[PDB]
Amino acid sequence: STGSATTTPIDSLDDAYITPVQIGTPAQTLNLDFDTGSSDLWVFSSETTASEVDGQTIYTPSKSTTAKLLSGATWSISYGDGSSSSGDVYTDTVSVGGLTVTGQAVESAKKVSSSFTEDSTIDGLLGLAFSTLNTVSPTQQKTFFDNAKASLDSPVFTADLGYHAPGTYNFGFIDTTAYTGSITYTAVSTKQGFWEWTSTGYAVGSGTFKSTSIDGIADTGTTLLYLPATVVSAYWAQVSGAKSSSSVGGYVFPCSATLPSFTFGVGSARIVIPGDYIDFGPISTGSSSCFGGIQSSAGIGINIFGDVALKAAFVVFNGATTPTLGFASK
Ligand code: NA
């Protein structure tokens, strides 16, 4: 089997992407944030504290003929941005882009933090990191990908995120029409439960490529590119008037600037992030200070190849017995 679903930016900045997901019988369609940096499929629900719901579509298990309480199971998760959610668990039928899994753990939120409530466009998360990170207790649950894997034509999914445009998540196949050139595959460590890999270096604009190992994770659920402070300083030094602002929480730059591209290495291959991808617009409405899309990972404890990086590539998440990542230009 295969599946193919379109993923759509939630706003004009590509702050996140939502993908429609069918849950239950009859189907309840919720728009979920597919997150290769976490391993829980959780949803706003009929159980969510009413004051914490503001515009989201909810899953109502009582209206699904295939829903069953997973008795005793609870979940609770905290993300890198400080957001959180928790609740109980049902199993139900979940379909993505025509690919169906029966018996998927659907984590029903009883509580969500303010950032979730305030985002009316995201109805929950669908985790695509390794199932070792899943938070369900006392019986850890599998991700949608891990449950689908054995049925797929190939044990893979691909992320093809758009810049200010829709893109695609495919399950079970490579769309050879969706990228240019060849795919370069690179090793993955699953030791921390992430799609963790090592980039071979970087370049700023038209500058020379710096060969250096950068360990980080491929994380579709993170908006920005978080890299070591040395790398990030080297990038923003090429933008007149850019500076790190402790008050704003990262590098800012004049909205009048034209940003240089950023290149990262994948083995001997190179992915180029156009400068425009690194502009996250005014820090507050009407400001002439703009927020940068490349930020320091110092204090986060890991480098993160978030959407800024991933949307410059066609990315293969190879879940074969030895997982690997692939990157192609597009
Ligand atoms: Na922000």
Side-chain angles (χ1 to χ4, degrees), residues 1-7 19-25 27-30 32-43 59 64-67 69-71 73 75 89-107 124-141 143-148 150-160 168-176 178 183 185-190 192-197 217-221 314-327:
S1 61
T2 62
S4 181
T6 298
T7 193
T19 308
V21 177
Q22 283 70 50
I23 311 179
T25 308
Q28 301 179 37
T29 298
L30 273 66
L32 306 186
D33 183 352
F34 282 24
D35 181 12
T36 65
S38 69
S39 305
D40 287 50
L41 192 175
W42 71 260
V43 295
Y59 169 59
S64 174
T65 59
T66 43
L69 180 72
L70 184 63
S71 183
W75 64 278
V89 187
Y90 294 81
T91 58
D92 209 341
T93 301
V94 172
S95 300
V96 176
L99 168 66
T100 300
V101 167
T102 59
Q104 175 62 49
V106 177
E107 302 173 34
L125 268 64
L126 188 149
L128 293 169
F130 293 87
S131 293
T132 59
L133 295 178
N134 176 266
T135 77
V136 177
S137 177
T139 307
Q140 187 172 61
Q141 301 293 305
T143 72
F144 175 81
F145 177 55
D146 203 356
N147 283 321
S151 304
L152 295 177
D153 290 356
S154 183
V156 302
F157 67 91
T158 64
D160 181 9
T168 306
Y169 283 102
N170 291 329
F171 292 82
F173 70 107
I174 309 305
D175 182 353
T176 63
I183 307 177
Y185 289 86
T186 197
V188 164
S189 174
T190 65
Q192 298 190 86
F194 300 122
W195 292 94
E196 188 170 6
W197 64 290
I217 64 167
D219 185 1
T220 58
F314 177 89
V315 187
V316 180
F317 294 79
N318 172 25
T321 299
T322 298
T324 66
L325 283 161
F327 293 80

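Count residues from 1 along the sequence. Values below: all heavy atoms of this structure, side chains included; hydrogens, waters and symmetry mates excluded.
Looking at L32 and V43, their side chains come closer than 4.5 Å, going by heavy atoms from C-beta outward. Proximity of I174 to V316: side-chain heavy atoms (C-beta onward) are separated by under 4.5 Å at one or more points. Side-chain contact between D92 and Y59 is present, with at least one heavy-atom pair separated by less than 4.5 Å. Residues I183 and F314 have side chains in contact (heavy-atom distance under 4.5 Å, counting atoms from C-beta outward). At least one side-chain heavy atom of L99 sits under 4.5 Å from a side-chain heavy atom of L152. In this structure the side chain of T190 never reaches within 4.5 angstrom of the side chain of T132, judged on heavy atoms. With a 4.5 Å cut-off on side-chain heavy atoms, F194 and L133 count as touching.
A donor atom on one side chain and an acceptor atom on the other are found under 3.5 Å apart for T19 and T7. A side-chain donor-acceptor contact under 3.5 Å links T135 and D40. At a cut-off of 3.5 Å, with distance as the only test, no side-chain donor of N134 or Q141 sits close to an acceptor on the other residue.
Put simply, the side chain of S95 never gets that close to the backbone of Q22: no donor and acceptor are under 3.5 Å apart. The closest donor-acceptor contact from the side chain of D153 to the backbone of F173 lies at 3.5 Å or more, if one exists at all. Using a distance-only test at 3.5 Å, with no hydrogens or angles considered, a donor-acceptor pair links the side chain of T220 to the main chain of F34. The closest donor-acceptor contact from the side chain of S39 to the backbone of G127 lies at 3.5 Å or more, if one exists at all. Counting only distance, with no hydrogens or angles, the side chain of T36 and the backbone of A218 share a donor-acceptor pair below 3.5 Å. Put simply, the side chain of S64 gets close to the backbone of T25: a donor and an acceptor are under 3.5 Å apart. Proximity of a side-chain donor or acceptor of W195 to a complementary backbone N or O of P323 within less than 3.5 Å is not detected. The backbone N or O of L325 sits nowhere less than 3.5 Å from a side-chain atom of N318 that would complete a donor-acceptor pair.
Expressed to the nearest 0.5 Å, how far CZ of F157 lies from OG of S4 amounts to 14.0 Å. Rounding to the nearest 0.5 Å places CG of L41 at 8.5 Å from CG of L128. Atoms CD and OG1, on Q104 and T66 in that order, are 12.5 Å from each other to the nearest 0.5 Å. Distance check, rounded to the nearest 0.5 Å: CG of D160 to CG of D175 gives 8.0 Å. The CG atom of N170 sits 12.0 Å away from the OG atom of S154 when rounded to the nearest 0.5 Å.
Relative ring orientation between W197 and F327 is described as tilted, the plane-to-plane angle lying within the 30° to 60° band.
Taking all atoms of both residues into account, the shortest heavy-atom contact from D33 to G221 is OD1-CA, 4.4 Å. Here the shortest heavy-atom pairing between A73 and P138 reads CA-CD, 4.3 Å.
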Between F145 and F317, does the ring pair (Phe, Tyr, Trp, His ring centres under 6.0 Å) criterion hold? Intermediate values first, please. CA-CA 10 Å; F145 177 55; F317 294 79; 8.7 Å; no
